[PDB]
Amino acid sequence: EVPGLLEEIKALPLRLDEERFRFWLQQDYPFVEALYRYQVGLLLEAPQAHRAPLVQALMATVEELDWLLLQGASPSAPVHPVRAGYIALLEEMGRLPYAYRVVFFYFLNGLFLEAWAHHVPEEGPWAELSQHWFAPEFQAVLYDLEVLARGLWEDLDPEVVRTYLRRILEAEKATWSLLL
Amino acid sequence: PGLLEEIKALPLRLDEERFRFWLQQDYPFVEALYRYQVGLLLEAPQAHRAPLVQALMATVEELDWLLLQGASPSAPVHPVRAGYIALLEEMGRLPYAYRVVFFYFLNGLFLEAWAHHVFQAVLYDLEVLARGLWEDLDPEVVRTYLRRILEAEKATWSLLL
């Protein structure tokens with residue numbers, strides 16, 4: 001956390017609408033599939049001691065793709081350039097060393113939860129929705145991921161973490177602004 | 001095509017200590033099955049994922065277990081196992097359809113021989129998947145590999161002779 005970008009996304013003058021939001025969720029399929037790919041790449045390098053949490057996270061991503069399918073999504077469909085650039089970001093981070101990727105995967109999730117909790121109302125039908133998009137053990141797994149990233153963090157160029165963290169926040173700001 | 005039968009017999013020395021040892025040096029193989037399984041997820045369609053990630057999870061757990069009662073992650077691999085790990089790695093270079101079928105066959109096989117000489121819902125899901133893909137694959141390619149697999153499993157249990 002360095003610094004201001006997060007508060008930006010939050011400050012967004014968004015107008016949450018059921019149908020309008022539902023569409024926004026369905027248009028995230030290409031990105032969730034990319035996340036799944038990225039996650040599989042972690043399991044390919046993941047040491048034994050790290051596997052348990054990563055396999056649980058994959059499980060959640062998979063179920064999420066099922067939920068989007070049953071919710072109208074279509075794997076084969078034009079991807080908004082904003083989401084396409086975000087998808088390339090993941091693949092790009094897929095190139096980085098294992099340790100970097102796991103810290104970034106942790107960051108990504110933490111950021112997803114943060115942005116959602118702020119903009120998505122808790123009250124009515126939104127509660128139901130939110131309690132479908134996030135797996136029950138999302139935050140349980142997240143904690144296990146934090147513990148991993150917290151150790152992996154140790155020795156890795158903090159300036160490299162910044163350039164990428166900043167771009168991830170930017171890609172997030174772009175995908176949320178599509179709700180303006 | 002009858003190779004299973006040969007495995008079934010094997011007047012194996014069912015000693016405990018000899019078995020605990022035989023189990024301990026199975027980590028490399030199981031670690032190989034792990035990589036083999038991650039390779040399945042890297043090509044598996046959204047409809048096959050659920051049962052696959054479930055099996056992967058089982059393998060991970062199986063590894064932690066092997067770690068409990070000994071088993072050295074870093075340890076010279078018995079040539080027979082080494083050869084089997086080589087089989088998997090080769091089968092890993094095959095099309096996805098053949099790999100899921102072969103993966104299903106492998107587990108049903110392990111369970112087979114283990115029940116004779118010595119989760120099940122996941123095996124059920126693998127059954128459905130594999131069986132549905134068994135349709136189109138070339139019977140010749142599945143013939144040679146299935147045979148290799150049986151020979152590999154025969155060689156490994158024969159270490160208990």
# chains A, B, ... in the order shown; residues from 1 in each chain; ligands from 1
call {"tool": "residues_around", "arguments": {"residues": "region 35-46 of chain B", "least_positions_apart": "3", "cutoff": "7 Å", "atoms": "only C-alpha atoms", "output": "ChimeraX atom specification"}}
result
/A:37,40,43-44 /B:31-32,49,52,56,88,92,96
call {"tool": "closest_atom_pairs", "arguments": {"of": "chain A", "to": "chain B", "cutoff": "10 Å", "atoms": "only C-alpha atoms", "output": "CSV"}}
result
residue,atom,partner,partner_atom,distance
A:33,CA,B:46,CA,9.0
A:36,CA,B:42,CA,8.8
A:37,CA,B:42,CA,6.6
A:38,CA,B:42,CA,9.5
A:39,CA,B:42,CA,9.6
A:40,CA,B:42,CA,6.4
A:41,CA,B:42,CA,8.1
A:42,CA,B:38,CA,9.6
A:43,CA,B:38,CA,6.7
A:44,CA,B:38,CA,6.3
A:45,CA,B:35,CA,9.2
A:48,CA,B:60,CA,7.3
A:49,CA,B:64,CA,8.4
A:50,CA,B:60,CA,9.9
A:51,CA,B:60,CA,6.8
A:52,CA,B:60,CA,6.8
A:53,CA,B:57,CA,9.9
A:54,CA,B:57,CA,9.6
A:55,CA,B:57,CA,6.3
A:56,CA,B:57,CA,8.0
A:58,CA,B:53,CA,7.4
A:59,CA,B:53,CA,6.4
A:60,CA,B:50,CA,9.8
A:62,CA,B:50,CA,6.8
A:63,CA,B:50,CA,7.6
A:65,CA,B:46,CA,7.5
A:66,CA,B:46,CA,7.6
A:69,CA,B:46,CA,9.7
A:75,CA,B:46,CA,9.8
call {"tool": "residues_around", "arguments": {"residues": "residue 127 (chain A)", "least_positions_apart": "5", "cutoff": "12 Å", "atoms": "only C-alpha atoms", "output": "PyMOL selection string"}}
result
chain A and resi 18+116-117+120-122+132-134
call {"tool": "residues_around", "arguments": {"residues": "residue 82 (chain B)", "least_positions_apart": "2", "cutoff": "12 Å", "atoms": "only C-alpha atoms", "output": "list in words"}}
result
residues 25, 26, 27, 28, 29, 30, 31, 32, 75, 76, 77, 78, 79, 80, 84, 85, 86, 87, 88, 89, 152, 155 and 156 of chain B
call {"tool": "residues_around", "arguments": {"residues": "residue 85 (chain A)", "least_positions_apart": "2", "cutoff": "12 Å", "atoms": "only C-alpha atoms", "output": "JSON, numbers by chain"}}
result
{"A": [30, 31, 34, 79, 80, 81, 82, 83, 87, 88, 89, 90, 91, 92, 167, 168, 170, 171, 172, 174, 175]}
call {"tool": "residues_around", "arguments": {"residues": "residue 9 (chain B)", "least_positions_apart": "2", "cutoff": "10 Å", "atoms": "only C-alpha atoms", "output": "PyMOL selection string"}}
result
chain B and resi 4-7+11-12+113+116-117
call {"tool": "write_last_selection", "arguments": {"atoms": "N, CA, C and O atoms", "output": "tab-separated table (two decimals), in the first residue's frame"}}
result
chain	number	residue	atom	x	y	z
B	4	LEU	N	-3.74	-57.12	-16.23
B	4	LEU	CA	-4.21	-56.85	-14.88
B	4	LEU	C	-4.16	-58.16	-14.09
B	4	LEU	O	-3.70	-58.19	-12.95
B	5	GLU	N	-4.62	-59.23	-14.73
B	5	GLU	CA	-4.66	-60.55	-14.12
B	5	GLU	C	-3.31	-60.92	-13.53
B	5	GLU	O	-3.23	-61.37	-12.38
B	6	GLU	N	-2.25	-60.74	-14.31
B	6	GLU	CA	-0.90	-61.06	-13.85
B	6	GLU	C	-0.54	-60.31	-12.57
B	6	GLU	O	0.07	-60.89	-11.66
B	7	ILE	N	-0.93	-59.04	-12.49
B	7	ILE	CA	-0.66	-58.23	-11.31
B	7	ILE	C	-1.34	-58.83	-10.08
B	7	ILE	O	-0.74	-58.94	-9.02
B	11	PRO	N	2.76	-63.48	-5.64
B	11	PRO	CA	2.89	-63.99	-4.26
B	11	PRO	C	3.81	-63.04	-3.50
B	11	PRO	O	4.95	-63.36	-3.20
B	12	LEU	N	3.27	-61.86	-3.21
B	12	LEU	CA	4.01	-60.80	-2.55
B	12	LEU	C	4.28	-60.99	-1.07
B	12	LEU	O	3.43	-61.48	-0.33
B	113	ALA	N	-5.52	-52.86	-7.57
B	113	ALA	CA	-4.42	-53.60	-6.98
B	113	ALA	C	-4.28	-53.39	-5.46
B	113	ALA	O	-3.89	-54.30	-4.75
B	116	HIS	N	-6.77	-55.63	-3.63
B	116	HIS	CA	-6.42	-57.04	-3.72
B	116	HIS	C	-5.29	-57.42	-2.76
B	116	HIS	O	-5.50	-58.17	-1.82
B	117	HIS	N	-4.11	-56.86	-3.01
B	117	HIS	CA	-2.92	-57.15	-2.21
B	117	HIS	C	-2.87	-56.62	-0.78
B	117	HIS	O	-2.35	-57.30	0.09
call {"tool": "select_by_dssp", "arguments": {"residues": "chain A", "states": "helix (DSSP H, G or I)", "output": "ChimeraX atom specification"}}
result
/A:5-11,18-26,29-45,48-69,81-95,98-119,125-133,138-153,158-177
call {"tool": "atom_distance", "arguments": {"atom1": "CA of residue 150 (chain B)", "atom2": "CA of residue 119 (chain B)"}}
result
22.5 Å
call {"tool": "residues_around", "arguments": {"residues": "residue 105 (chain A)", "least_positions_apart": "2", "cutoff": "10 Å", "atoms": "only C-alpha atoms", "output": "PyMOL selection string"}}
result
chain A and resi 35+38-39+42+54+90+93+100-103+107-111+142+145-146+149
call {"tool": "write_last_selection", "arguments": {"atoms": "N, CA and C atoms", "output": "PDB file, in the first residue's frame"}}
result
ATOM      1  N   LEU A  35      -7.771 -15.393 -14.644  1.00  0.00           N
ATOM      2  CA  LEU A  35      -7.333 -15.573 -13.281  1.00  0.00           C
ATOM      3  C   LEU A  35      -7.111 -17.062 -13.037  1.00  0.00           C
ATOM      4  N   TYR A  38      -3.854 -18.132 -14.603  1.00  0.00           N
ATOM      5  CA  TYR A  38      -2.811 -17.614 -13.714  1.00  0.00           C
ATOM      6  C   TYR A  38      -2.649 -18.463 -12.443  1.00  0.00           C
ATOM      7  N   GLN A  39      -3.774 -18.840 -11.840  1.00  0.00           N
ATOM      8  CA  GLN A  39      -3.769 -19.657 -10.640  1.00  0.00           C
ATOM      9  C   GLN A  39      -3.185 -21.023 -10.919  1.00  0.00           C
ATOM     10  N   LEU A  42       0.448 -21.009 -10.795  1.00  0.00           N
ATOM     11  CA  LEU A  42       1.017 -20.953  -9.458  1.00  0.00           C
ATOM     12  C   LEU A  42       1.195 -22.388  -8.980  1.00  0.00           C
ATOM     13  N   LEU A  54      -3.662 -22.608  -2.318  1.00  0.00           N
ATOM     14  CA  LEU A  54      -3.819 -22.364  -3.748  1.00  0.00           C
ATOM     15  C   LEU A  54      -4.861 -23.255  -4.417  1.00  0.00           C
ATOM     16  N   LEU A  90      -2.457  -9.745 -16.142  1.00  0.00           N
ATOM     17  CA  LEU A  90      -2.303 -11.011 -15.435  1.00  0.00           C
ATOM     18  C   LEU A  90      -1.278 -11.889 -16.126  1.00  0.00           C
ATOM     19  N   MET A  93       2.065 -10.731 -15.502  1.00  0.00           N
ATOM     20  CA  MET A  93       2.565 -11.082 -14.182  1.00  0.00           C
ATOM     21  C   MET A  93       2.834 -12.573 -14.125  1.00  0.00           C
ATOM     22  N   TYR A 100       6.803 -13.337  -6.708  1.00  0.00           N
ATOM     23  CA  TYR A 100       6.115 -12.107  -7.099  1.00  0.00           C
ATOM     24  C   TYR A 100       4.647 -12.407  -7.373  1.00  0.00           C
ATOM     25  N   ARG A 101       4.413 -13.419  -8.192  1.00  0.00           N
ATOM     26  CA  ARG A 101       3.071 -13.807  -8.560  1.00  0.00           C
ATOM     27  C   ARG A 101       2.141 -14.095  -7.400  1.00  0.00           C
ATOM     28  N   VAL A 102       2.641 -14.788  -6.386  1.00  0.00           N
ATOM     29  CA  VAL A 102       1.817 -15.133  -5.235  1.00  0.00           C
ATOM     30  C   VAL A 102       1.468 -13.917  -4.398  1.00  0.00           C
ATOM     31  N   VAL A 103       2.387 -12.965  -4.322  1.00  0.00           N
ATOM     32  CA  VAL A 103       2.133 -11.752  -3.559  1.00  0.00           C
ATOM     33  C   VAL A 103       1.071 -10.957  -4.316  1.00  0.00           C
ATOM     34  N   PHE A 107      -2.699  -9.772  -3.387  1.00  0.00           N
ATOM     35  CA  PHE A 107      -3.064  -8.369  -3.522  1.00  0.00           C
ATOM     36  C   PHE A 107      -4.358  -8.247  -4.292  1.00  0.00           C
ATOM     37  N   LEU A 108      -4.400  -8.879  -5.464  1.00  0.00           N
ATOM     38  CA  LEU A 108      -5.579  -8.861  -6.316  1.00  0.00           C
ATOM     39  C   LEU A 108      -6.858  -9.196  -5.555  1.00  0.00           C
ATOM     40  N   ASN A 109      -6.846 -10.291  -4.804  1.00  0.00           N
ATOM     41  CA  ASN A 109      -8.027 -10.679  -4.044  1.00  0.00           C
ATOM     42  C   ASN A 109      -8.382  -9.640  -2.992  1.00  0.00           C
ATOM     43  N   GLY A 110      -7.381  -9.225  -2.219  1.00  0.00           N
ATOM     44  CA  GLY A 110      -7.620  -8.237  -1.189  1.00  0.00           C
ATOM     45  C   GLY A 110      -8.290  -7.014  -1.784  1.00  0.00           C
ATOM     46  N   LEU A 111      -7.814  -6.618  -2.963  1.00  0.00           N
ATOM     47  CA  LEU A 111      -8.335  -5.469  -3.677  1.00  0.00           C
ATOM     48  C   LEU A 111      -9.758  -5.720  -4.153  1.00  0.00           C
ATOM     49  N   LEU A 142      -8.160 -16.241   1.809  1.00  0.00           N
ATOM     50  CA  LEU A 142      -7.396 -15.009   1.708  1.00  0.00           C
ATOM     51  C   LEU A 142      -6.391 -14.899   2.845  1.00  0.00           C
ATOM     52  N   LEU A 145      -3.539 -16.902   2.265  1.00  0.00           N
ATOM     53  CA  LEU A 145      -2.747 -16.321   1.187  1.00  0.00           C
ATOM     54  C   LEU A 145      -1.881 -15.178   1.725  1.00  0.00           C
ATOM     55  N   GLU A 146      -2.451 -14.380   2.622  1.00  0.00           N
ATOM     56  CA  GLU A 146      -1.748 -13.256   3.225  1.00  0.00           C
ATOM     57  C   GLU A 146      -0.533 -13.791   3.950  1.00  0.00           C
ATOM     58  N   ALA A 149       2.037 -14.683   1.238  1.00  0.00           N
ATOM     59  CA  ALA A 149       2.609 -13.501   0.610  1.00  0.00           C
ATOM     60  C   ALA A 149       3.458 -12.709   1.591  1.00  0.00           C
TER      61      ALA A 149
END
call {"tool": "decode", "arguments": {"residues": "region 44-59 of chain A", "atoms": "N, CA, C and O atoms", "output": "PDB file, in the first residue's frame"}}
result
ATOM      1  N   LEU A  44       1.755 -24.864 -10.635  1.00  0.00           N
ATOM      2  CA  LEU A  44       2.813 -25.514 -11.392  1.00  0.00           C
ATOM      3  C   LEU A  44       4.201 -25.298 -10.753  1.00  0.00           C
ATOM      4  O   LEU A  44       5.098 -26.131 -10.905  1.00  0.00           O
ATOM      5  N   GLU A  45       4.361 -24.184 -10.035  1.00  0.00           N
ATOM      6  CA  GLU A  45       5.612 -23.849  -9.357  1.00  0.00           C
ATOM      7  C   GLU A  45       5.467 -23.970  -7.842  1.00  0.00           C
ATOM      8  O   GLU A  45       6.445 -24.102  -7.123  1.00  0.00           O
ATOM      9  N   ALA A  46       4.233 -23.909  -7.364  1.00  0.00           N
ATOM     10  CA  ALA A  46       3.958 -23.966  -5.937  1.00  0.00           C
ATOM     11  C   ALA A  46       4.596 -25.127  -5.178  1.00  0.00           C
ATOM     12  O   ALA A  46       4.428 -26.292  -5.534  1.00  0.00           O
ATOM     13  N   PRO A  47       5.341 -24.816  -4.106  1.00  0.00           N
ATOM     14  CA  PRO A  47       5.985 -25.852  -3.303  1.00  0.00           C
ATOM     15  C   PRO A  47       4.860 -26.597  -2.594  1.00  0.00           C
ATOM     16  O   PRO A  47       3.723 -26.113  -2.569  1.00  0.00           O
ATOM     17  N   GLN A  48       5.159 -27.752  -2.008  1.00  0.00           N
ATOM     18  CA  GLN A  48       4.131 -28.521  -1.320  1.00  0.00           C
ATOM     19  C   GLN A  48       3.473 -27.688  -0.213  1.00  0.00           C
ATOM     20  O   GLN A  48       2.246 -27.551  -0.153  1.00  0.00           O
ATOM     21  N   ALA A  49       4.300 -27.112   0.645  1.00  0.00           N
ATOM     22  CA  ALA A  49       3.814 -26.309   1.754  1.00  0.00           C
ATOM     23  C   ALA A  49       2.856 -25.175   1.364  1.00  0.00           C
ATOM     24  O   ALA A  49       2.118 -24.657   2.221  1.00  0.00           O
ATOM     25  N   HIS A  50       2.865 -24.780   0.089  1.00  0.00           N
ATOM     26  CA  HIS A  50       1.998 -23.686  -0.376  1.00  0.00           C
ATOM     27  C   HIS A  50       0.721 -24.165  -1.036  1.00  0.00           C
ATOM     28  O   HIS A  50      -0.281 -23.459  -1.031  1.00  0.00           O
ATOM     29  N   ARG A  51       0.760 -25.368  -1.598  1.00  0.00           N
ATOM     30  CA  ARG A  51      -0.373 -25.934  -2.332  1.00  0.00           C
ATOM     31  C   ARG A  51      -1.775 -25.899  -1.721  1.00  0.00           C
ATOM     32  O   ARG A  51      -2.706 -25.436  -2.368  1.00  0.00           O
ATOM     33  N   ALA A  52      -1.939 -26.371  -0.493  1.00  0.00           N
ATOM     34  CA  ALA A  52      -3.267 -26.381   0.136  1.00  0.00           C
ATOM     35  C   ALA A  52      -4.127 -25.119  -0.098  1.00  0.00           C
ATOM     36  O   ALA A  52      -5.277 -25.221  -0.542  1.00  0.00           O
ATOM     37  N   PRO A  53      -3.591 -23.917   0.209  1.00  0.00           N
ATOM     38  CA  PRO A  53      -4.361 -22.685   0.002  1.00  0.00           C
ATOM     39  C   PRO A  53      -4.659 -22.414  -1.466  1.00  0.00           C
ATOM     40  O   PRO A  53      -5.765 -22.024  -1.819  1.00  0.00           O
ATOM     41  N   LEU A  54      -3.662 -22.608  -2.318  1.00  0.00           N
ATOM     42  CA  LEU A  54      -3.819 -22.364  -3.748  1.00  0.00           C
ATOM     43  C   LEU A  54      -4.861 -23.255  -4.417  1.00  0.00           C
ATOM     44  O   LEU A  54      -5.558 -22.815  -5.334  1.00  0.00           O
ATOM     45  N   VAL A  55      -4.966 -24.505  -3.974  1.00  0.00           N
ATOM     46  CA  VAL A  55      -5.936 -25.413  -4.564  1.00  0.00           C
ATOM     47  C   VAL A  55      -7.344 -25.003  -4.112  1.00  0.00           C
ATOM     48  O   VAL A  55      -8.323 -25.188  -4.843  1.00  0.00           O
ATOM     49  N   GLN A  56      -7.436 -24.434  -2.908  1.00  0.00           N
ATOM     50  CA  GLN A  56      -8.719 -23.978  -2.377  1.00  0.00           C
ATOM     51  C   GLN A  56      -9.164 -22.740  -3.131  1.00  0.00           C
ATOM     52  O   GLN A  56     -10.353 -22.570  -3.433  1.00  0.00           O
ATOM     53  N   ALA A  57      -8.208 -21.872  -3.443  1.00  0.00           N
ATOM     54  CA  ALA A  57      -8.536 -20.664  -4.189  1.00  0.00           C
ATOM     55  C   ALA A  57      -9.004 -21.052  -5.599  1.00  0.00           C
ATOM     56  O   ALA A  57     -10.006 -20.533  -6.072  1.00  0.00           O
ATOM     57  N   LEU A  58      -8.294 -21.978  -6.252  1.00  0.00           N
ATOM     58  CA  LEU A  58      -8.681 -22.442  -7.583  1.00  0.00           C
ATOM     59  C   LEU A  58     -10.159 -22.922  -7.557  1.00  0.00           C
ATOM     60  O   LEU A  58     -10.975 -22.533  -8.392  1.00  0.00           O
ATOM     61  N   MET A  59     -10.471 -23.773  -6.586  1.00  0.00           N
ATOM     62  CA  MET A  59     -11.815 -24.294  -6.363  1.00  0.00           C
ATOM     63  C   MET A  59     -12.852 -23.165  -6.375  1.00  0.00           C
ATOM     64  O   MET A  59     -13.941 -23.294  -6.949  1.00  0.00           O
TER      65      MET A  59
END
